[PDB]
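See below for the structure under consideration.
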Amino acid sequence: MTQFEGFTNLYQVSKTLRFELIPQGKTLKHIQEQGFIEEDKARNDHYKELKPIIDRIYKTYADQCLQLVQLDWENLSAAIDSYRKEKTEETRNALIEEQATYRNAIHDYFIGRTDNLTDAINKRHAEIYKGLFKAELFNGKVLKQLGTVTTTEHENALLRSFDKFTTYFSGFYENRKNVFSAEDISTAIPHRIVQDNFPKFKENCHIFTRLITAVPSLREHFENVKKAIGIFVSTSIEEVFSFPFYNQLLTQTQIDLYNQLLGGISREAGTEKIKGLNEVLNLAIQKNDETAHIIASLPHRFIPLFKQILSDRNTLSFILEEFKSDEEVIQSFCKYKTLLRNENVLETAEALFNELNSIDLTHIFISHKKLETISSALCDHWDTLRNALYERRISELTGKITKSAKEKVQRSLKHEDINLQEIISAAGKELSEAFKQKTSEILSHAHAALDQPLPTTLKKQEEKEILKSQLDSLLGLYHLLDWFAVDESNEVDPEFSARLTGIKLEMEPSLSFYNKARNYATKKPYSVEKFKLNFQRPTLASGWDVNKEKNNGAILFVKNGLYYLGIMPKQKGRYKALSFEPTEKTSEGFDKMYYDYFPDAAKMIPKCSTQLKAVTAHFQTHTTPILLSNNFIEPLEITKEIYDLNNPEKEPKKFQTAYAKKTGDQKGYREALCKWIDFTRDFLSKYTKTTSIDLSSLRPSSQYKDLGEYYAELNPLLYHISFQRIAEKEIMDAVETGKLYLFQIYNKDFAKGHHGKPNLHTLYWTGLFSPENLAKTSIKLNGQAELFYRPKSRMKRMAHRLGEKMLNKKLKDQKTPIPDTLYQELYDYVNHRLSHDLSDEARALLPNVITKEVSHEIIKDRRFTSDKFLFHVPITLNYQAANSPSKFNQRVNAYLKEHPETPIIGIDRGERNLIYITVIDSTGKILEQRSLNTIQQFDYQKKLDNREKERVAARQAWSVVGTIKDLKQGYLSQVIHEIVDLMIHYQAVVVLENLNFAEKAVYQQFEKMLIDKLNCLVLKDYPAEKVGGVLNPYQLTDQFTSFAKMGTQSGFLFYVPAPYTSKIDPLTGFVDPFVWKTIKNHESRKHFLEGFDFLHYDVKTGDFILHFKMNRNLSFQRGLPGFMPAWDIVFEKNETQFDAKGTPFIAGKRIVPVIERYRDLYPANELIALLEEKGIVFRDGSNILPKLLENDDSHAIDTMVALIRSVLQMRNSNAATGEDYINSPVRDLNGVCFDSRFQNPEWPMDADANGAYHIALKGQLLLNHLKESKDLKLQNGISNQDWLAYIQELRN
Amino acid sequence: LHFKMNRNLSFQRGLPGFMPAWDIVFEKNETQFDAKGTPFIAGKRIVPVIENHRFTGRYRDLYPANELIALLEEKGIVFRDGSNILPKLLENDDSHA
RNA sequence: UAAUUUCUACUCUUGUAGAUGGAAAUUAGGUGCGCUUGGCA
DNA sequence: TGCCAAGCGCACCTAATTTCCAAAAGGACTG
DNA sequence: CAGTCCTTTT
Ligand SMILES: [Cl-]
Ligand code: NA
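Top line first, the protein sequences correspond to chains A and E. If you count by the deposited numbering, then the first sequence holds residues 1 to 997, 1007 to 1165, 1172 to 1307, one letter each, in order. Plus 1114 on top of the position in the second sequence (first one is 1) and you've got the deposited numbering.
Below is the structure:
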């Protein structure tokens, strides 16, 4: 049978380790003498200047190709339409095929293999493309064929700075292939054109069509917008939304024009913005007329296109020019301030506002657009002023006050500019005072700011704050002046209008200044960055192989449990390359690694045999075999059969499984497969690097199903590591003469005083060089290691000064933390600087604190107070396995069917908890449940919330923002740790919400980290040879590829829909079945009431019972009949009950919305109240519902229905009280209503816990349905109805 | 101490009155003289003496302005510049302060 | 209120516990501020 | 205590997805 | 050239 310990060595996992390098002997001196750090820093800067210049080549060529593109998009449109309407696998595969067709068509323009062009252009293109990813960039040929464009001397100086060193760009080359690729990859121009933007552009066409059909008036409105924007003059609005035009939307310039048709164009701040289509639509919806509803019911928002890869963005909107220095902003603003002084704006403004005290307030108007801003400023609420205006006008109407008249008044207030006399009359003299007070403040602060002198730089935050407040004050005055409606439509006092407009014009630059100052001041300062080291070796540390040591300059050593990196630089003088001679292992010295690798057979074999030039040149005009002798102890035969096998016309090769899919030649497949493997074995037997490799463990060629299976077994044999001893003399002299740079590879696990557990990464590294691993490779050392230099980034400041005492964050408990609010007090107290008497709570903790005097000076941020050499080195684990797994989920599912006792860990994002776990057994009973707001005695939820608020505050205060991703990782690392221990201890499935069905970041980040961890899980404590140790990692999730490609299962991890997991009774499965949106009138509520069979009082219990059949009130339901035909809904007597800990609560309590804040509500009590007010007999046990209905009192009906809705509100929250409970309105089989307030640990302790519990239980649904299934295939999602039916049947 | 009346409404008795804002003043604790000629200390308050928890038999003379000067100088806050003190008082969340 | 390849939390311990896939390229989005036209009874 | 919709501009922070993780063939230099 | 060492490849 299967076993949990059988989840290992299923696929390769690559990782990077990071270390510090400590130079030894005269290494640092030689590095300094040779001036390598400066040289490598200079390369880095040259790379950064050059990259944009070189990028100009790609950007131009790409646009030149994309301007010529003319495709027909109908077929792709159709495939999209098929797969959308019918959701099958065959329609998908058709779209995937079509997608790939369209991509290749776009790509054909780049490579010069498109029929839509002439032979001359296709010849020119292929010629350019042939040189885009080589050093042909740096020669000028590709720029010679592209235009008569040319480069400035400085640009040529840069290009020649990478002479004999163009390989520094060999990664860049890959990044740029990723732009021009035809593959289905995000980085690529074709993908962007085909799978990103075209769907959008298609959808836009559809939206346009449907809109102008429903509402043909829009056609011209849209055309008019285009006229007003001044783009696409020769193209009518119809053509813009036709497929052929999409051929004109492949270049950035045109995409931005398209986007601004949707988007509109802003001018200077304060001026009217030109509206685009999407705004015109929004405006039309917000009118709430008939045209609005028609539009609101359709799709009413065009989708902007994504940008073209690499291309610079353009905008027709106004861009404000930047300040360049502290000095420039201070001068400008200082001048503007002086202008405002000499102009006499504050004294005019004050005189203007005074004018208001004794002038006809009928001839002063307030802008309709500002009425609500003024309300907030001068009144309790934003609607105060409107409402007072409304109510006053209503009171002034003549005749019987119809509803239409009130309607008319409301409509008048939307547009009309209101005079100040009316505003005052409606709101009261209070308003006059609030106005005068506010104008005083704004003038007072403005005056203060003009008098207050400016700082000398903006280098300190205190200085930026001086700048900010002065701008704030001036902006305040600008805002105040902009309160007044000044236009000549209203009968404004002529003087007032002229004077206001005058000082408004003088104040207008405040806007411009405010924005520019912010845009400058909130810039982040150049922080120092580590840069790559090369030591004058273009292929430095590219790969470790003995045969490459003389080119790549990097070797490894071991000596007395310590690890060293050997770098062999190219010095400035003439020196013979350094050679190392082994000796007897007894002699003192360093053990040097001899690394022996033949990379991926699949590529290297053809590279060294079939794909040779001489081979290709021979088979071009010959059919006779060719025998290779060079690097072969005996000659290797290349026959035409073999050559043509790896070099076909046909798209799939005859030995790839794709030829088996495409055709039906299983004979010829396996025959081609055998002959190729045979040939590989012939190569391996003869080639110099492989001939001595024992391949007897390989099987006979004929027994391999796929080529991958073969290469999977082969590659593990083609890598070996051994050590030989070099004498101390050779090494020390090499260091002495500067022919060797020797560094200790270091982390804190190598400290003299290290005496604890090592970092996981240390364990990987030591496991890598362990004897077991050398004999049978589990961990491989990979090439492409990198060395970095990181300059000091902080100043040395010891966290101490003299005889300071340091206060442990935890008590002698070594468990209980000191409150955040008390720490500084206790800290200042134990260092005798409190400045006041100690608080009572501090004085209570005082006896259990721990202090440590400072004997040894430890440096804050020490690691960053001096330059460091860093080293990144990649490794691969589970090396014996294939590179990707096969049918990983099936293997888990197989294991699960044979292990029905498997427990489930539900994980939930909560409302009051970041993450909440509930572990269930295989019978759906809770083993454990807890919030993970606190781990290791630290409240991460509080720390995170505080840091998020700081970051907002920073943003608003033009202060340094900083990062929160580090704190998030800190937290999630602890969480991941605890989930991993639970999984291992329980051998359990883990179940999370699918987020496709706020604080969704912290949970998304979790998902990622959890999977990455479970892809390769090593537990420090476990021995190396035990499953879960370093040489046998656990692999419990499927190999992560992308979130895009992720399904509802990744091994032991499962995703389930969140709906109906929190607001659901744990004992019955009951959910509120009603849609309260559809209960809105006296009519709807009364039909709703008529649907219930009875409501009657039970004198025994004190409860009311309301009987409902699920087949009634369908109009008001969500179409989820679940499993139960009826429910007795219960109004619980509002009596005292006691929880497990002995704390009381009131049964049946609800917490309902107020929005003042929430209100306590006792339904049963309130029902009795209603019935007693109405005088309706109920204590006999009679049906109350006919009597409420026959009476036909609408307020009694409303109340009753309001009460029903409350009773059905299971979840009841109040942050203030910390209540967040579930109380079910229905009795379980044993005749009791669930209440989390009882604090029974068998059940959910709160609402968030209930969530996790049902997350877990949805997983259980998947495991139960898997068992019953005869496949190893998990069902695709869970419909809400299936869920409810499941859980309701189970519980009852 | 400036208070807008359309503010901190959670602690108000719901009696806005007529005025929008008040400049609450901590009067300097200097000597003033009544008409008869008797001296008194301006700004003086008479507050119950409180023993731990809730115990109040006798009363005591308090001088708010001077005690504020004490509290600021304790914590090294500069105030004779005319600068706003409120942000500085709650910038570090000192419970005593 | 300190030590780290680096991060978070710690300090019996000149260090502890857990985590940690790098580099390069690209793209998408978020938060904040400013502004525009509108909406809310 | 006022938010919300559609959108334009600026600052910076965060996340997702691609390539590589190489010895040796190939050939541009450089006396 | 013949060798060296950066460039490019499967
Ligand atoms: Cl829910
Ligand atoms: Na450790």
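Here a beta-carbon is modelled for each residue, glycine too, at the ideal position from N, C-alpha and C.
Minimum Cβ-Cβ distance from residue i to chain A less than 8 Å
i, result
"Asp1207(E)", "yes"
"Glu1188(E)", "yes"
"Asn1122(E)", "no"
"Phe1169(E)", "no"
"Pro1134(E)", "yes"
Cut-off 6 Å between Cβ atoms - residues of its own chain near residue i, not counting five sequence neighbours on either side
i, result
"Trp1258(A)", "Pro1075"
"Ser701(A)", "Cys674, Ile677, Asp678"
"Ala602(A)", "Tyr711"
"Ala658(A)", "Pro652"
Beta-carbon proximity check, residue i vs residue j, cutoff 8 Å
i, j, result
"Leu454(A)", "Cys379(A)", "no"
"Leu443(A)", "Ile366(A)", "no"
"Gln987(A)", "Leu995(A)", "no"
"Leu822(A)", "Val849(A)", "no"
"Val1039(A)", "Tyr764(A)", "yes"
"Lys144(A)", "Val225(A)", "no"
"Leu870(A)", "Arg790(A)", "yes"
"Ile920(A)", "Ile907(A)", "no"
"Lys1118(A)", "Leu1204(A)", "no"
"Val1222(A)", "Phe1097(A)", "no"
"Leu71(A)", "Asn178(A)", "no"
Limits of the alpha helix (DSSP H) - the one that residue i falls within
i, result
"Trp765(A)", "760-768"
"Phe869(A)", "Segment 868-877 is the beta strand (DSSP E) holding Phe869(A); no alpha helix (DSSP H) there."
"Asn773(A)", "771-775"
"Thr1232(A)", "That residue, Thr1232(A), is in no alpha helix (DSSP H); it is neither H nor E in DSSP."
Cut-off 8 Å between Cβ atoms - residues of its own chain near residue i, not counting five sequence neighbours on either side
i, result
"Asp682(A)", "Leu636, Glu637"
Below-8 Å beta-carbon distance, residue i vs any chain E residue
i, result
"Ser835(A)", "yes"
"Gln437(A)", "yes"
"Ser839(A)", "yes"
"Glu433(A)", "yes"
"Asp380(A)", "yes"
"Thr1232(A)", "no"
"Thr456(A)", "no"
"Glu588(A)", "no"
"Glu430(A)", "yes"
"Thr373(A)", "no"
"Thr187(A)", "no"
Beta-carbon proximity list for residue i, same chain, < 7 Å, skipping 5 on both sides
i, result
"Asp417(A)", "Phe365, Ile366, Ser367, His368, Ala485, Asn490"
"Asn773(A)", "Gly767, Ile779, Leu1040"
"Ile1020(A)", "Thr1046, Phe1049, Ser1059, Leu1062"
Residue range of the unbroken beta strand (DSSP E) whose run includes residue i
i, result
"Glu637(A)", "636-638"
"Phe222(A)", "From DSSP, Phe222(A) is part of no beta strand (DSSP E) but of the alpha helix (DSSP H) over 218-229."
"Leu787(A)", "786-790"
"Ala1135(E)", "1135-1137"
"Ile905(A)", "904-908"
As an exercise, report each continuous beta strand (DSSP E) stretch of at least 3 residues that is fully enclosed by the segment 1157-1185 of chain E, in chain order. 1159-1162, 1173-1176
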